[PDB]
Amino acid sequence: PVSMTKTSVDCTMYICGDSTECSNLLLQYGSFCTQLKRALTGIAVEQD
Amino acid sequence: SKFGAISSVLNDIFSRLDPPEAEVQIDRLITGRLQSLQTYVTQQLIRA
Amino acid sequence: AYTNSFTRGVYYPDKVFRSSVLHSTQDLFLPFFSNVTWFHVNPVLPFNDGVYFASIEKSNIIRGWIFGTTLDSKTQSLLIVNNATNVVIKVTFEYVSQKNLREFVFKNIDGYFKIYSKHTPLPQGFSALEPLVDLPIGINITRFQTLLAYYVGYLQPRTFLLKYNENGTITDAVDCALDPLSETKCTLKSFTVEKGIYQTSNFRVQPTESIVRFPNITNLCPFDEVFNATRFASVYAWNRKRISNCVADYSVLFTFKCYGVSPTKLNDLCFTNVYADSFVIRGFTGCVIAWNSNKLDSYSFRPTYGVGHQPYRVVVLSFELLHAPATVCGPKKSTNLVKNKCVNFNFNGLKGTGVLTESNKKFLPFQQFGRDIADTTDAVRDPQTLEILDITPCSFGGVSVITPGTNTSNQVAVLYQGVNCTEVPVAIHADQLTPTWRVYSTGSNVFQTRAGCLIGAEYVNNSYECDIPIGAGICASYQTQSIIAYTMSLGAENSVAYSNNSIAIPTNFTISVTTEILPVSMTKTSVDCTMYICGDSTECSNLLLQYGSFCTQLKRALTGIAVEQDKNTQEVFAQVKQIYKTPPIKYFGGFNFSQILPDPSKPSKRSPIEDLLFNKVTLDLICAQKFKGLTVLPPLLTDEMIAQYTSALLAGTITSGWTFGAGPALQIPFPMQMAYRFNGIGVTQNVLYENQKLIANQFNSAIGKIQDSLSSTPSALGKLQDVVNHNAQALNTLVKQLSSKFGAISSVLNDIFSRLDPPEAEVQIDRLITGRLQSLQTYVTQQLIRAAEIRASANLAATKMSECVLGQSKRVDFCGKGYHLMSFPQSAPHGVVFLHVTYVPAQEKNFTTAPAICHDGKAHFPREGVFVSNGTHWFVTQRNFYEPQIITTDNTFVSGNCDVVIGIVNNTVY
Amino acid sequence: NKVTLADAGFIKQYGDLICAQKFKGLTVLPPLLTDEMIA
Amino acid sequence: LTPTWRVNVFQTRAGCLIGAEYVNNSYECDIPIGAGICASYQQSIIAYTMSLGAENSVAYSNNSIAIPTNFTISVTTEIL
Amino acid sequence: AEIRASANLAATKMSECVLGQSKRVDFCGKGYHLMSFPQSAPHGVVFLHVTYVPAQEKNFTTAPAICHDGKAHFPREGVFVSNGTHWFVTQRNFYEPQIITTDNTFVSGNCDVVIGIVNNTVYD
Ligand SMILES: *[C@@H]1O[C@H](CO)[C@@H](O)[C@H](O)[C@H]1NC(C)=O
Ligand SMILES: *[C@@H]1O[C@H](CO)[C@@H](O)[C@H](O)[C@H]1NC(C)=O
Ligand SMILES: *[C@@H]1O[C@H](CO)[C@@H](O)[C@H](O)[C@H]1NC(C)=O
Ligand SMILES: *[C@@H]1O[C@H](CO)[C@@H](O)[C@H](O)[C@H]1NC(C)=O
Ligand SMILES: *[C@@H]1O[C@H](CO)[C@@H](O)[C@H](O)[C@H]1NC(C)=O
Ligand SMILES: *[C@@H]1O[C@H](CO)[C@@H](O)[C@H](O)[C@H]1NC(C)=O
Ligand SMILES: *[C@@H]1O[C@H](CO)[C@@H](O)[C@H](O)[C@H]1NC(C)=O
Ligand SMILES: *[C@@H]1O[C@H](CO)[C@@H](O)[C@H](O)[C@H]1NC(C)=O
Ligand SMILES: *[C@@H]1O[C@H](CO)[C@@H](O)[C@H](O)[C@H]1NC(C)=O
Ligand SMILES: *[C@@H]1O[C@H](CO)[C@@H](O)[C@H](O)[C@H]1NC(C)=O
Ligand SMILES: *[C@@H]1O[C@H](CO)[C@@H](O)[C@H](O)[C@H]1NC(C)=O
Ligand SMILES: *[C@@H]1O[C@H](CO)[C@@H](O)[C@H](O)[C@H]1NC(C)=O
Ligand SMILES: *[C@@H]1O[C@H](CO)[C@@H](O)[C@H](O)[C@H]1NC(C)=O
Ligand SMILES: *[C@@H]1O[C@H](CO)[C@@H](O)[C@H](O)[C@H]1NC(C)=O
């Protein structure tokens with residue numbers, strides 16, 4: 001094996017799909033979604 | 001999964017409960033789903 | 001008349017002092033480059049959501065304003081005038097208090113009229129407005145008028161990134177929703193963007209309208225026959241009534257509690273199995289309604305009994321909210337059914353947003369809903385027309401921004417990922433395209449890729465090296481003037497002239513010195529768990545002592561990582577038993593090692609190249625981290641010690657070759673060691689000797705270029721800088737996570753403890769503690785993974801030190817591109833740099849070749865070479881350097897006759 | 001022909017398992033190098 | 001102070017070391033302290049700058065070579 | 001994952017140190033690797049690396065080439081050494097001086113280019 005599937009996650013869509021109140025609440029959790037996006041982007045670049 | 005909440009649907013929680021208890025239930029759901037995302041990303045990092 | 005607002009109307013969002021920070025604020029602002037209306041000296045302009053008001057005058061024509069809804073006597077209105085002595089405000093409320101550009105901001109939220117202002121000696125500068133006053137006028141304002149060049153702009157809720165000066169002044173701002181570049185700047189929390197492609201946000205089509213679909217029933221439920229019953233049953237023989245096919249209006253309904261539902265919401269939900277149980281006592285999802293029935297009723301209730309023993313009538317309402325077809329629910333007006341359009345929908349309490357279409361699913365009569373693999377609603381039976389509708393979320397997707405870097409240009413391209421250009425969101429209003437900015441199609445600037453639709457770059461038929469990867473073979477770059485997209489080129493095509501009997505032999509060579517950078521260790525970090533989580537709050541510490549050995553595990557893991565870092569450094573650099581020193585006279589047959597050898601003049605005793613490497617890697621933010629309990633432990637080996645180890649390795653290899661790595665160091669002249677290494681790559685020794693000076697010069701040239709190749713290229717030391725940046729970013733993220741509330745009422749523990757009773761303060765503090773503990777655990781897990789990666793890099797660096805520095809390697813590409821001659825280590829802040837000296841053949845020439853030569857009827861094969869020819873005579877030569885020689889019995893061996901070797905060629909063997 | 005990919009991360013036009021995952025916010029990004037380029 | 005106990009005072013980049021006497025001699029690292037400082041038990045606890053090994057100078061010249069006249073068969077152990 | 005890396009390294013050493021003789025420096029013990037023997041251990045492996053360590057080094061005077069009859073001679077598979085008066089050719093890793101003959105050297109060019117060439121007799 002050389003590479004694996006490059007995955008992207010829409011954090012807001014997964015956690016709070018279509019619920020605007022849930023996204024407003026999620027805004028108070030800091031940079032969790034940003035950190036997850038950074039990690040997944042690093043993995044994706046590493047595959048290439 | 002419900003993670004100890006009344007339901008796994010955010011809209012049902014927001015439509016059935018006042019904000020004081022909706023906060024507890026939505027906190028449980030959001031924490032569970034953030035944990036699921038974090039677990040997925042950690043295992044993706046190890047697999048990568 | 002209209003004009004450009006430019007970057008004006010920024011005000012201080014709060015009363016907090018900040019300095020030397022980038023702060024994101026979501027507030028009512030004036031968007032950058034807004035079309036502000038311009039009046040010249042007046043009409044009653046609307047007061048939509050707040051107003052920015054500028055005035056360029058020197059005669060005080062403008063005095064004040066009137067605010068109200070109708071500006072008549074029937075509705076209450078506000079009035080503000082600035083007299084030459086004082087400013088008078090009247091509404092039930094009165095208030096009095098104290099070219100030139102006067103800028104003002106007026107807002108009306110929660111019964112508060114807030115006024116900010118600034119004075120300046122529309123201009124094209126940046127100025128931040130300071131607050132003036134909040135007034136509790138308590139009236140809704142929809143219109144206003146100026147009381148006699150003045151400019152009016154309207155505020156909207158925007159997200160802004162404000163930059164605070166060193167003395168706390170807002171000097172710059174970014175309007176996150178202005179355009180893709182500003183969204184990228186807000187995502188990165190920076191004012192400068194480097195070249196690349198950045199995932200900024202997701203576009204989401206917004207719901208056009210809202211629809212409600214409830215059953216057609218209109219009869220009222222028999223609640224009166226339950227609650228207003230003449231006589232209630234007994235608690236043992238409790239009465240039960242079923243409620244079906246009616247409209248339960250709970251407003252008609254003392255103690256009224258509910259389990260699993262809120263009393264203020266029952267009018268909106270649809271219920272399946274409603275049963276009312278009534279009985280009398282003395283003082284599961286559903287509701288309990290109890291009320292004193294003293295004046296209405298064995299207990300043997302009597303009027304002289306107390307409240308604790310007075311009769312109470314009790315009704316229990318039990319219903320199932322596990323959807324299924326709804327027979328009873330409250331007063332809700334159904335709208336029309338909107339299809340093929342993103343709408344907010346409500347089907348008997350099932351709320352959502354999306355597009356509703358005709359469904360081909362073969363439901364069954366009892367089936368009211370359909371679910372997908374994730375147990376989420378996917379099809380719905382319309383309560384009135386009984387038709388099956390598919391629910392699909394309306395269009396959304398990811399957006400990436402391609403920038404050549406803000407240091408070069410402000411032009412950007414936008415990639416809509418996983419979307420064809422025919423489905424790209426094309427909206428003429430702000431009811432779509434969540435980023436809310438627009439990049440319009442101009443024909444040749446819209447391209448389709450298997451990665452999505454790219455807008456803002458023209459696709460050229462040329463092919464270049466990849467500059468910014470888009471995906472699926474497509475890259476983008478700044479042409480210079482515009483952004484171009486293209487198919488990446490894999491390299492220059494080349495055809496090798498193969499034939500039956502043609503061989504290419506090099507006639508010359510190049511001595512190449514190449515660089516390989518390897519991380520060896522990362523920053524050793526320690527965390528004070530209590531100080532991070534609690535930070536001077538003793539009550540928090542006492543609460544934290546009940547979460548077990550979490551901090552003990554984290555301390556153990558971080559200590560293991562810290563020990564592993566020193567182990568990595570030792571395994572890489574501490575390979576030599578002895579500390580070898582170079583001889584006083586630095587003559588090595590013309591080879592010049594001054595760039596890699598230590599310099600006595602420098603206090604650190606580093607080489608010029610090592611000094612360059614330590615200058616090129618950047619190893620109050622530290623104090624801010626320290627105050628939160630995050631510290632950096634010093635490495636065991638100092639930089640001086642690592643440089644001493646490197647000097648010992650270099651002296652050993654220079655003065656003894658590869659012998660000191662396999663035993664006692666055996667001195668050998670450097671040209672003789674170089675001859676050994678030339679022998680190691682299948683080149684005869686004389687080739688080195690007869691070219692000694694030239695070879696030396698080439699090396700002296702190549703090493704001379706190394707400095708430039710590290711001091712001219714921007715990201716030459718990218719890997720070590722990446723290690724440093726990863727550590728700094730992780731610690732900064734840990735620090736910034738302390739401002740998160742995690743659902744609590746504040747992020748400050750001492751604020752929660754000083755304003756709440758312990759029963760609820762415990763809940764809030766538990767939320768904060770769990771959030772911070774999760775942050776610490778995530779940090780430690782990422783540290784463990786990064787430590788594993790760094791350990792792999794350090795093991796590789798130790799292997800390179802053993803096999804490239806302590807010996808000559810025959811492994812292809814392990815110690816440089818060409819044929820490995822030798823290698824030199826140089827210490828770098830968090831790692832090692834190998835200078836690989838390799839032999840690259842050059843200046844090849846064609847020759848005719850044969851497998852063997854027939855002579856006296858015997859087949860002759862070359863001993864240590866290959867047969868070549870000018871075209872008339874036949875020589876034998878070594879394979880990596882053209883040195884033709886007369887074919888004799890001494891450089892040839894005999895095997896068989898010239899009857900089986902295909903390609904054998906007649907010649908003479910002297 | 002012997003390895004069956006799941007997504008390959010190419011364009012999905014509005015109109016099975018991949019669709020559900022996408023609706024939950026999970027998407028696959030295409031590799032930079034195509035199969036033809038690697039060949 | 002939080003530890004509530006009290007305790008030959010030395011300053012290092014790793015912090016304040018109490019209870020160890022800094023000596024000018026250099027030995028192989030026994031207990032790593034940090035930034036080149038190690039500790040050891042001499043009757044007393046000593047702190048010192050760790051040594052990297054014995055200094056050695058190879059007698060290099062442009063016409064001299066050292067050639068072994070004997071050998072030793074070494075058997076070493078590697079545990080994985 | 002760490003143990004898997006260790007086990008992959010152990011398998012590589014079993015292949016390259018036990019099933020063959022390795023030229024990789026310090027991969028199969030310190031010194032010039034001769035062979036290796038595996039021994040099982042509770043949760044791992046123990047390699048006994050047998051290596052050749054040179055010892056009892058002696059100083060000699062050396063030359064890149066020997067000039068004879070106007071011809072430059074380079075050692076075929078050795079190095080030129082000298083007691084101080086006579087000149088021998090020896091293998092690099094063990095002192096075995098040999099008479100400099102035309103059968104253990106090879107000729108390349110005159111005595112005008114090689115720096116450090118030394119006059120001596122190349123017996124035929
Ligand atoms: C901030 O104000 C101080 C106060 O005098 C001044 O010295 C400093 O230069 C200012 N910082 C700037 C202008 O960046
Ligand atoms: C009971 O009767 C009173 C007066 O007739 C009325 O106001 C009230 O709404 C009734 N209660 C119910 C549950 O119908
Ligand atoms: C996007 O839709 C158009 C219109 O049907 C179609 O021609 C095009 O092929 C689609 N995109 C892709 C990548 O197939
Ligand atoms: C040599 O190569 C040519 C093509 O370049 C081919 O036609 C010929 O058959 C080859 N030689 C032999 C002996 O087949
Ligand atoms: C080999 O290349 C060098 C340049 O590196 C040049 O000076 C020299 O003349 C070349 N030798 C031959 C024989 O072409
Ligand atoms: C070695 O190179 C440096 C830098 O090019 C130069 O200053 C120095 O004189 C050189 N040494 C000799 C002996 O030529
Ligand atoms: C060798 O021959 C091929 C074609 O036969 C030619 O393309 C190439 O340039 C030649 N090489 C040299 C060094 O002349
Ligand atoms: C044959 O090779 C020699 C090199 O020794 C050269 O002088 C001569 O010109 C070559 N003959 C032809 C025909 O190229
Ligand atoms: C080489 O010489 C022999 C001598 O008998 C002859 O038989 C053979 O045909 C020759 N080969 C070619 C290719 O002419
Ligand atoms: C050879 O070494 C000696 C002593 O180490 C030195 O005096 C001499 O200059 C060196 N040879 C050259 C050409 O510099
Ligand atoms: C070589 O060393 C061995 C000891 O390992 C010794 O017995 C022997 O005499 C030595 N031989 C020579 C020639 O020094
Ligand atoms: C070789 O000579 C140098 C200097 O004369 C000396 O220091 C060294 O010990 C000698 N080596 C041996 C093995 O005697
Ligand atoms: C020179 O070598 C010969 C061996 O043939 C012998 O005379 C002696 O070992 C050497 N001379 C000296 C002075 O060591
Ligand atoms: C070696 O011999 C040549 C000619 O026979 C002579 O020019 C040269 O000086 C001799 N070398 C020494 C070191 O005497």
Side-chain angles (χ1 to χ4, degrees), chain C residues 219-232 239 241 243 246-256 263 266-267 274 276-278 287 289-291 293 295-296 313-317 328 330-331 505-513 582-584 586-593 654-655 667-673 683 686-692 694-704 818 837-845 877-878 880-882 884, chain E residues 57-65, chain F residues 59 61-64 109 113-118:
Chain C
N219 42 353
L220 258 302
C221 295
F223 269 160
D224 73 274
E225 331 181 349
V226 165
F227 291 80
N228 280 339
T230 307
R231 195 199 76 262
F232 272 36
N239 213 340
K241 192 191 174 94
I243 274 73
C246 55
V247 193
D249 185 351
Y250 293 87
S251 67
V252 152
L253 274 58
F254 79 125
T255 299
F256 184 160
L266 293 171
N267 267 349
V274 196
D277 309 333
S278 46
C287 296
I289 316 129
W291 70 95
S293 67
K295 291 188 276 289
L296 249 173
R313 268 180 178 181
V314 155
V315 174
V316 160
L317 286 174
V328 164
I505 310 286
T507 64
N508 212 354
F509 52 81
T510 296
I511 298 308
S512 163
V513 176
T582 18
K586 308 295 189 62
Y587 181 66
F588 303 111
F591 296 86
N592 184 341
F593 302 115
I654 276 166
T655 61
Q667 72 262 32
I668 181 176
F670 195 79
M672 213 149 318
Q673 176 199 149
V683 181
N686 56 302
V687 168
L688 182 119
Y689 289 124
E690 302 161 359
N691 299 277
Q692 178 166 334
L694 162 70
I695 291 163
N697 275 357
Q698 276 169 317
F699 171 77
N700 288 345
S701 269
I703 204 85
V837 189
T838 66
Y839 174 107
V840 180
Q843 277 160 260
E844 67 272 7
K845 271 214 281 273
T877 184
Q878 40 184 353
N880 308 275
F881 191 78
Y882 184 57
Chain E
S57 298
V58 194
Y60 177 84
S61 71
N62 31 51
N63 64 307
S64 195
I65 197 171
Chain F
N59 283 343
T61 298
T62 186
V113 172
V114 181
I115 308 138
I117 188 149
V118 164

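Counting convention: from 1, in listed order, for ligands and their atoms alike. Convention: sequence-line order gives letters A, B, ...; per-chain numbering from 1.
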Closest non-hydrogen contact found for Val314(C) with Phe232(C) is O-CE2, 4.2 Å

Is the distance from the ring center of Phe670(C) to that of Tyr60(E) below 6.0 Å? no

Among all protein heavy atoms in this structure, tell me which lies nearest to atom 9 (O) of ligand 2, with the distance rounded to 0.1 Å. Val252(C) CG1, 3.7 Å

Aromatic rings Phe591(C) and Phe593(C): how do their planes relate, parallel, tilted or perpendicular, breaks at 30° and 60°? parallel

Is at least one protein non-hydrogen atom found at under 4.0 angstrom from atom 2 (O) of ligand 5? yes

For atom 5 (O) of ligand 5, what's the nearest protein heavy-atom neighbour? Residue, atom name and distance, please. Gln698(C) NE2, 3.2 Å

Between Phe223(C) and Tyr250(C), does the ring centroid distance fall short of 6.0 Å? yes

Within the distance-only criterion (no hydrogens, no angle test), does the side chain of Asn700(C) pair as donor or acceptor with the backbone N or O of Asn592(C) below 3.5 angstrom? yes

Checking contacts here: is it the side chain or the backbone of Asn228(C) that comes within 4.0 Å of ligand 2, counting heavy atoms only? Could be both or neither. side chain

Ligand-residue contact atoms, ligand 10 with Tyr587(C), heavy atoms, under 4.0 Å: 11 (N), 12 (C), 13 (C), 14 (O)

In the protein, what heavy atom is nearest to atom 7 (O) of ligand 5, and what distance, to one decimal place, separates them? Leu694(C) CD1, 4.5 Å

Considering all heavy atoms, the nearest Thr510(C)-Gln698(C) contact: CA-NE2, 3.6 Å

Give the atom numbers and elements of ligand 2 that come within less than 4.0 Å of a heavy atom of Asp224(C). 12 (C), 14 (O)

Measure from atom 6 (C) of ligand 5 to every heavy atom in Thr510(C), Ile695(C), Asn508(C), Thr507(C) and give the option owning the shortest one. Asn508(C)

Taking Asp224(C) for the side chain and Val252(C) for the main chain, is one N or O donor matched with an acceptor at less than 3.5 Å? no

What do you think, any protein heavy atom under 4.0 angstrom from atom 14 (O) of ligand 5? yes

